[PDB]
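Read through the structure below, which is laid out as structure tokens, and then see the notes.
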Amino acid sequence: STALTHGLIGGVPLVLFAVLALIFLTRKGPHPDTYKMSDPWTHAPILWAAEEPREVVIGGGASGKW
Amino acid sequence: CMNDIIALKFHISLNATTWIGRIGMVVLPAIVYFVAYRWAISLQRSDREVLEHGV
Amino acid sequence: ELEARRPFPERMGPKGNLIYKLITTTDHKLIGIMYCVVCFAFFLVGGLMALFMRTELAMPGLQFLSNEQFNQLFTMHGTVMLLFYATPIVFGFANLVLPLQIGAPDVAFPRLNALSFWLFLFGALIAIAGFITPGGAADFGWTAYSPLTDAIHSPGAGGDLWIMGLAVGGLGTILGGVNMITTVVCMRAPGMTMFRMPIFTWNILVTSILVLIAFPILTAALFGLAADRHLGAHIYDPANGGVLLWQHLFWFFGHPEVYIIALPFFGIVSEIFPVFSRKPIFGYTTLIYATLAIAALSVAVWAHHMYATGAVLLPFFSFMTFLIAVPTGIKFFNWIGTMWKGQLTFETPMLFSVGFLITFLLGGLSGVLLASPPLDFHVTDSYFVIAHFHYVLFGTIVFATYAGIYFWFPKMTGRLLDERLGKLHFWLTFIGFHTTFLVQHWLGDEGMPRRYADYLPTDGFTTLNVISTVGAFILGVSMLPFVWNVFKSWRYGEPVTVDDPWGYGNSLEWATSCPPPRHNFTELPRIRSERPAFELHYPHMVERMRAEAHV
Amino acid sequence: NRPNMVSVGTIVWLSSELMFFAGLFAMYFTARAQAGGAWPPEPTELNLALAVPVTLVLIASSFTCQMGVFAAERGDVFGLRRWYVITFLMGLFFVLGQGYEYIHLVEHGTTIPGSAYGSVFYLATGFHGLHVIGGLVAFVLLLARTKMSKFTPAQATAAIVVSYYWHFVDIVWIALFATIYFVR
Amino acid sequence: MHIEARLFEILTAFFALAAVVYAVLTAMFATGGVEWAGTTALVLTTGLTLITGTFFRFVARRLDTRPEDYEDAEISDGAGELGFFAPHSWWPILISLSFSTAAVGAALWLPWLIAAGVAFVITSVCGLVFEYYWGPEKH
Amino acid sequence: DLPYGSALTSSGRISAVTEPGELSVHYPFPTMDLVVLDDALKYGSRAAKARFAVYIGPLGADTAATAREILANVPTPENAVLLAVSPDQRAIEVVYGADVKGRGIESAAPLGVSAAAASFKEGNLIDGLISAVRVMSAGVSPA
Amino acid sequence: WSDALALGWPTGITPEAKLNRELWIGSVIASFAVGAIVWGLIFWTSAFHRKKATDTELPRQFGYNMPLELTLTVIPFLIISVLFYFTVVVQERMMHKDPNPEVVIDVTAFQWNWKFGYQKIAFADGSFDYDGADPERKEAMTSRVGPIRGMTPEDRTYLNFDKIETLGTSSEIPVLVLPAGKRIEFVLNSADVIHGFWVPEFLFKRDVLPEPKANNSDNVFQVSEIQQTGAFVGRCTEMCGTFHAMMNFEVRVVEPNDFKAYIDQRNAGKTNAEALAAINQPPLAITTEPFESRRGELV
Ligand code: HEA
Ligand code: HEA
Ligand SMILES: CCCCCCCCCCCCCCCC(=O)O[C@H](COC(=O)CCCCCCC[C@@H](C)CCCCCCCCC)COP(=O)(O)O[C@H]1[C@H](O)[C@H](O)[C@@H](O)[C@@H](O)[C@@H]1O
Ligand SMILES: CCCCCCCCCCCCCCCC(=O)OC[C@H](C)OC(=O)CCCCCCCC[C@@H](C)CCCCCCCC
Ligand SMILES: CCCCCCCCCCCCCC(=O)O[C@H](COC(=O)CCCCCCCCCCC)COP(=O)(O)O
Ligand SMILES: CCCCCCCCCCCCC
Ligand SMILES: CCCCCCCCCCCCC
Ligand SMILES: CCCCCCCCCCCCC
Ligand SMILES: CCCCCCCCCCCCC
Ligand SMILES: CCCCCCCCCCCCC
Ligand SMILES: [Ca+2]
Ligand SMILES: [Cu+2]
Ligand SMILES: [Cu+2]
Ligand SMILES: [Cu+2]
Ligand SMILES: [Mg+2]
């Protein structure tokens, strides 16, 4: 017929896309799980610094505890 | 103004040339502004690269 | 030992970081990237043309297209895929890694390299610009058979733009081939002998030789066609013997041209299989001989496209065409032998390479069926032929192209494409391709000729055409995940801080940072075999590879 | 101690350029086999009283071009300029001689639309004449570069590769001249 | 560089054999006699590999072993200046635009556009050739 | 001592590899949260012309003397402001060089301590660092 | 089943088609056997050679097996050599031409339809002889110095004309009537461009060329006989312009006595449609129908 032909052309690719996306995009990626405070800090020490401005006597500091 | 002359020589529909100029009258100036603004700043970066590194 | 790093790498350069580079760059790395984006835009443009035809062929009768528009569609669809997507991306991968593979800082002629890109971009635009003319673009097929292309039978300007656009792009391809031969001969690093280069480098050098034979004769033939159409010449006049004169020259160009877009993608999978199998490429020496034999044989088998003309020496071309299947079969045994007794992990670059093996074989098996004139007498100019070059091109210029893109994306960008999104893309592509192209074998055998805009309800072609139409739209929606992956992973992808994100790379590009510096190398290792990076990263395995090399 | 990169690039491209003339040669031979016994047919009357002196001038231009290479390899920029100017003049004479042949052939009824022989003859010889004109442009561009900077080895390399193209053009004409005016 | 031309001589022999075999096989028991289009293409295809192979044969026997032609060379053997490589140039895009202008004129058969394109190509090619040779302005 | 697949090159650079399908960075934070912190660090440093740094790990027993040593690793430590955080120590050590002295860091550093501590109580490490960097950078002048 | 292994190939109505179909089935069987072996090897290494979780050392680093490599270049050579021999055998039989055909058909292809002419009929049993050559209209095309061997490109003398001709129309599919069990000779000539003469039941096709002699093309092919009566569709296969898909034809096969009756009707001034009705046959084509002249459904 004619309604079935348009239904298969427009329907099957979308149905297949949804089924395959549910199979693959719902899996867990290689990204590490977000760290939680209640868990110990088992990761290696992290030092982050900005690259700006583009390129040792201290001037002071402060303390704090949460 | 030369759309009729361009249409005959370059095989373009006369109706198309009117609408190309009509739509381009609003779209092309926007494209050129964005390109020129990026181009002008990019030449500044090109001038800088010579300054800290030489020719 | 605390070394300061940014929390995340910079997503994009500042304002003005790219626009002046694009028009002034002589860097092969940027130019190679510029070839992938534009060739992937043309691939998208040409794919829309096939979607229009495939939608029209779903039902009998002309629903929205005319005969003229459909005729223009497969001509331009084929021209864009063969000359505007496949041929340039051969040099797209060449500028990405070949100087890295041979330990070179640059190509032989950096400015000539940039000239090829722009000659190719403006030449492709000229041919496509026929669609804005009232008559339309070329409608005589990409083969451009004579005297159908004569001014009497093709008076429109769309055909003339098609001829001149091909000439401009062909000049860029010739110059690119000249650049690649010179670069391999003169820019090799110390200790990198001819028989230590990667298979991809060998394939590109051999392919560039095929360009210099095929493309100049195509340019000569096109200029003769332009003389007929504009000067009233008699080059291709049937009374003068021009019907077969055009076919002979065009197929002397054309069949060497399809190995210009086959051998480099044979090299791409030849680079990927050893990495993910944790084993050295099987028959490294023999693969070079197989490539050379394929290149040599492809020059004297042109007339197997002209079986039905009744004007060619059948035994000569039939036999030599059968000979090509032997070195091609050798490549399968080396690729399987490489995977044999390995440690396969099946990442996305490896997954696409395996799809190549499955897809290319079925198209190859149809090739020997067509190589025999008796069987070709019934299936030529039909959809069985359409099924042959679609199984056998798709594997090389899509499956191996995607495998190379996933393989070398961390190298050229320093970011990893998402694997979950890549697996979805691969399976969508595989299922859609097979669904839309499996039934076309039956259609051509049943009696449906190629290049038909319409058929009749009593012809018995409706059911298989609908199935092919469903699969083609799956290929259309298979395009979205890969585009999304490239768009997202180019700024927010997983950072690459190592030289070899795949662990067991063999060629020299994996012995440098991701991305490589401006001159590609801050140091070079000792070159003693065809896996310098593997030796550099695993010195303890050097003794084992020499001892276990022979079975 | 290393191969000349520009020389390798020029020789590689020169080999590819020969396939362009292969297509033109195929057209001439295909039309010759369909001639039927008259090749060239009437009223085409080729005259060797003009082609032979024109061909000899082009051949002699190769010797003076080679002399400029020897001067270039010797480091004598002035000797290179003198020989390449002489080569340019004889190459220009070849173009004028071919055009003067073209004018008389057209007046006698041999034109591109006139006959199949006219189509192949003018395409084969005309495209070669275009290559000669391109070679004359290369001589002018190279000589203009000689007045811009001191004579360097890279500049001497550019002189050598230009002579490679000129020698290629001269050799192709000998094949064209023998095939058209003798193998009828 | 003995391997590079051995590649071309190997291709040369096969092309010469195919050209000879095809011409002879078309001369006999083939309609119309010798098929000239394929024979001419095959014969001059041998020429392409012959010229490149012969040149590489002459270059190879002049110079001794290069560091990349050694079976056990060290990275330090290649120390030194490699040569001149252009850092940047916008001339190549102008050459292509100049050539595309001529092609469009030839496609639509506009002699004025063809003449403009040829003049543009000559000027664009002149800029590329003279780019790294123009001296300082003299005032 | 080098990791598996890592080699020391002739130029002194380390050529490392990672297993296929694995990551080379693997910070235990979401990718988009890292982008926000990088923007806060990059634009906060630009607005104050002082390099802002963030440290996440231990700080010895007297946190204050560990931060001091840690700040020596930041490029241009004299013009740097380092925020050290020790989840196991549950403390917030902030140190800055002599070039930042007198530019308003004295008023902002306790505020950055207070901002970080408030978000840390809610179980948000990256959010606390982002908040602390923002308030400290806004309180430091390019002088 | 042969139909499943034929992959849509028609059974055939001529002995040449039967021989061609037999070659196709054997080659497909050979191709499938090779493909199954290679696919099995690919699937075997993909399922049993994957990296395990209990392996620490890299696998054996072998990359050269000379005895295996030499063996794997001879076996493919043997298969193609066997296939080439049977390929040469079949094409010699299919291209064989008898000096004494029983029916000679002039096939004239043009843009965009067909014309069928009866050049000569000479039954082997001598019950029907007819000479349909029309040389007083072939000499009227001469056009004549000339650009090509003294002739202008409008010479058209290469075409053949006959007294009884079936001319194709846009609203009438041309039907070619042939006798069953008789040797048929087809002479193909094209007016303008290249067309395609394909009957799927013949399992064979040849391109229709303008000036076939000047292009060294053998435009004549013969079938030994047609083994059954009926109607079979024919299509153009070579891209010939706008209406390349709308110039189909039909071949009607009837009994020798029926064919003789039909030719007499055509000689009596009857058109193709009414002459077919005179022998109790449908006047129009039944396998195909004329395409609607309208350019589409949106017109
Ligand atoms: C070489 C590579 C190549 C590739 C990749 C393809 C890709 C496809 N082609 Fe092929 N094709 C050829 C080479 C190729 N083709 C050649 C050489 C011919 C000869 C034609 C001739 O006779 O002249 C041919 C002709 C041809 C035919 C024969 C038609 C006929 O004769 O009547 C068919 C039949 O369906 C076909 C279909 C397809 C389909 C469905 C795809 C699928 O790849 C398409 C799906 C891909 C897409 C990319 C879809 C696009 C999706 C989008 C979402 C685009 C959106 C973009 C914008 C909005 C800007 N093409
Ligand atoms: C990627 C491009 C590509 C490649 C690689 C090939 C490879 C082959 N092709 Fe071709 N071909 C095309 C692109 C390609 N082709 C295109 C685009 C057309 C139509 C153009 C047009 O009309 O527009 C075409 C058309 C075409 C024709 C003409 C069809 C016709 O129009 O009638 C023929 C006939 O000989 C042919 C045969 C072959 C053969 C034998 C191979 C062989 O190289 C394949 C051999 C491979 C194998 C055999 C598999 C591996 C082997 C083994 C595992 C051992 C098995 C051994 C045996 C079975 C003996 N193809
Ligand atoms: C100066 C550049 C400025 C460009 C800037 C960007 C703006 C571009 C906007 C795009 C314009 C497209 C809209 C035109 C839509 C429109 O109205 O036109 C139609 C016909 O479609 C078309 O043409 C569409 C094709 C348009 C081409 C794309 C534009 C890009 C060009 C401009 C690039 C040029 C190259 C650069 C120049 C170099 C200079 C260097 C800087 C129908 O007309 P008609 O002709 O009546 O057809 C009848 C049927 O309709 C009816 O059914 C029936 O079938 C019949 O009656 C039929 O006749
Ligand atoms: C942004 C402008 C885009 C231009 C428009 C093209 C953008 C095209 C994308 C949507 C339209 C195509 C989807 C539907 C087509 C269809 O079924 O029938 C529609 C019409 C009845 O049939 C046509 O024939 C339409 C035009 C054919 C394409 C012109 C090719 C352009 C040549 C290039 C030189 C463009 C340069 C851009 C230059 C960019 C700006 C430079 C300053
Ligand atoms: C076309 C003129 C032919 C004259 C016959 C003799 C042939 C040799 C001429 C030598 C010219 C030297 C000029 C020179 O050194 O100036 C140089 C600069 O020349 C140029 O930049 C342009 C030269 C002309 C370009 C030609 C383009 C078109 C070619 C047409 C070919 C038919 C000297 O520059 P300078 O200021 O001294 O650094
Ligand atoms: C991924 C494999 C897809 C296979 C599609 C082919 C289906 C053929 C069905 C034919 C039905 C005829 C009525
Ligand atoms: C190498 C030839 C492959 C043939 C594949 C055929 C696909 C099956 C189609 C079934 C149609 C049933 C009506
Ligand atoms: C058809 C009779 C023999 C024709 C032979 C033509 C050969 C032409 C080659 C000339 C090569 C000159 C260098
Ligand atoms: C029976 C005559 C044989 C002629 C063979 C000629 C081979 C091709 C010649 C090409 C010459 C190109 C310059
Ligand atoms: C009577 C029709 C039966 C259908 C036969 C289908 C054959 C399918 C073969 C699939 C081969 C895939 C490589
Ligand atoms: Ca339809
Ligand atoms: Cu082929
Ligand atoms: Cu037709
Ligand atoms: Cu047709
Ligand atoms: Mg065909």
Side-chain angles (χ1 to χ4, degrees), chain C residues 39-40 42-47 49-51 53-54 74-93 141-143 173 203 207 210-211 214 251 253-269 294 298 301-302 304-305 321 324-325 328 331-332 352-371 379-380 382-405 426 429-430 432-438 440-441 444 450-451 468 471-472 475-476 478-479:
Chain C
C39 288
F40 215 82
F42 283 136
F43 177 84
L44 289 172
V45 163
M49 294 184 219
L51 280 189
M53 293 182 286
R54 179 71 274 172
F74 62 75
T75 306
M76 299 300 320
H77 159 66
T79 303
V80 171
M81 295 297 173
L82 272 187
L83 299 173
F84 303 156
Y85 163 67
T87 307
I89 199 166
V90 166
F91 299 97
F93 282 114
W142 77 282
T143 58
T173 311
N203 288 8
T207 288
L210 281 183
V211 169
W251 283 123
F253 149 74
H255 190 82
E257 191 272 332
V258 296
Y259 299 96
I260 293 166
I261 58 178
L263 285 168
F265 305 102
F266 288 173
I268 288 188
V269 297
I294 284 166
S298 67
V301 299
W302 71 92
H304 64 240
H305 303 271
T321 315
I324 297 175
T328 316
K331 290 191 137 59
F332 262 84
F352 271 97
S353 305
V354 173
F356 161 72
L357 290 175
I358 292 145
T359 292
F360 179 77
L361 180 63
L362 197 51
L365 294 170
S366 297
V368 307
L369 289 179
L370 296 166
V379 290
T380 193
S382 77
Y383 267 76
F384 187 88
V385 174
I386 281 171
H388 160 76
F389 62 79
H390 266 107
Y391 269 66
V392 75
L393 275 157
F394 222 88
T396 56
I397 73 169
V398 176
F399 275 111
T401 289
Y402 282 144
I405 289 300
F426 166 85
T429 307
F430 192 86
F433 164 82
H434 282 287
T435 314
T436 189
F437 285 120
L438 191 61
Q440 291 189 350
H441 289 282
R450 81 187 277 194
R451 294 162 168 172
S468 194
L475 280 177
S478 87
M479 294 300 293

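Every chain is numbered from 1 and lettered A, B, ... according to where its sequence line falls, protein lines coming before strand lines.
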Partner of C/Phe360 under ring-ring contact (aromatic ring centres under 6.0 Å, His included), picked from C/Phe266, C/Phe265, C/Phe394, is C/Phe266
Quiz item: Can you check side chain to side chain donor-acceptor pair (under 3.5 Å) on C/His304 and C/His255, steps first, answer last?
Solution: CA-CA 9 Å; C/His304 64 240; C/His255 190 82; 3.3 Å; yes
In short, C/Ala400 meets C/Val269 closest at the heavy-atom pair CB-CG1, 4.0 Å
Please work out whether the ring planes of C/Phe433 and C/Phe437 are parallel, tilted or perpendicular, with thresholds of 30° and 60°.
-> tilted
CG (C/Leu365) and CG (C/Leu370) are apart, to the nearest 0.5 Å, by 11.5 Å
**Asked** Are C/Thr429 and C/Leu475 side-chain neighbours, meaning at least one heavy-atom pair lies under 4.5 Å?
**Response** yes
Output for pair (C/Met49 CE, C/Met76 CE), nearest 0.5 Å, gives 5.5 Å
message: In terms of relative ring orientation, are C/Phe430 and C/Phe399 parallel, tilted or perpendicular, with 30° and 60° separating the classes?
response: perpendicular
**Asked** If only atom types and distance count, is the side chain of C/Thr328 paired as donor or acceptor with the main-chain N or O of C/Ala325 below 3.5 Å?
**Response** no
Report the C-alpha distance between C/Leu263 and C/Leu210 in whole Å, list the side-chain angles of each, state the deciding distance to 0.1 Å, and finish with yes or no for side-chain contact (heavy atoms from CB on, under 4.5 Å). CA-CA 10 Å; C/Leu263 285 168; C/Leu210 281 183; 4.3 Å; yes
Rounded to the nearest 0.5 Å, the CZ atom of C/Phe356 sits from the OG atom of C/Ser353 at a distance of 8.5 Å
Closest non-hydrogen atoms of C/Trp142 and C/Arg451, given as atom of the first, atom of the second and distance, are CD1-NH2, 4.0 Å
Of all heavy-atom pairs linking C/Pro264 and C/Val90, the shortest is CG-CG1, 3.5 Å
* Just by distance, do the side chain of C/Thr436 and the backbone of C/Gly471 share a donor-acceptor pair under 3.5 Å? -> no
Value for CD1 (C/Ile386) from NE2 (C/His390), rounded to nearest 0.5 Å, stands at 7.5 Å
| message | Using a 3.5 Å distance criterion without hydrogens, assess whether the side chain of C/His441 forms a donor-acceptor pair with backbone atoms of C/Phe384. | response | no
- Consider only side-chain N and O atoms of C/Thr380 and C/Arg450, and report whether a donor and an acceptor are under 3.5 Å apart. no
Q) If only atom types and distance count, is the side chain of C/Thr87 paired as donor or acceptor with the main-chain N or O of C/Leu82 below 3.5 Å? A) yes
> Would C/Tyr391 and C/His434 count as a ring pair (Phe, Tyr, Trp, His ring centres under 6.0 Å) if you check the C-alpha gap in whole Å, the side-chain angles of each, and the deciding distance to 0.1 Å?
Replying inline: CA-CA 9 Å; C/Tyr391 269 66; C/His434 282 287; 5.5 Å; yes
Value for CD1 (C/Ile268) from OG1 (C/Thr401), rounded to nearest 0.5 Å, stands at 5.5 Å
Value for CD1 (C/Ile260) from OG1 (C/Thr207), rounded to nearest 0.5 Å, stands at 7.0 Å
- prompt: Does the side-chain contact (heavy atoms from CB on, under 4.5 Å) test come out yes or no for C/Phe93 and C/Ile405, once each step is laid out?
  reply: CA-CA 9 Å; C/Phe93 282 114; C/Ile405 289 300; 3.9 Å; yes
- Query: Heavy-atom distance under 4.5 Å between the side chains of C/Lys331 and C/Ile294, does that happen here?
  - Reply: yes
In terms of heavy-atom contacts, C/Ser468 and C/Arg54 come closest through OG-NH1, 3.1 Å
| request: Could you tell me whether the side chain of C/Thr396 and the main chain of C/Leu393 form a donor-acceptor pair under 3.5 Å? | output: yes
| message | Run C/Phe91 and C/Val211 through side-chain contact (heavy atoms from CB on, under 4.5 Å) and show every step you take. | response | CA-CA 11 Å; C/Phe91 299 97; C/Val211 169; 4.3 Å; yes
Between C/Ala86 and C/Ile397 the two heavy atoms that sit nearest each other are CB-CD1, 3.7 Å
Using 30° and 60° as the class boundaries, would you call the ring planes of C/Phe43 and C/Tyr85 parallel, tilted or perpendicular?
tilted
### Query
Can you list the steps and then say if C/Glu257 with C/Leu83 is a side-chain contact (heavy atoms from CB on, under 4.5 Å)?
CA-CA 9 Å; C/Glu257 191 272 332; C/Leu83 299 173; 4.0 Å; yes
C/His77 and C/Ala50 have their tightest heavy-atom pair at CE1-CB, 3.6 Å
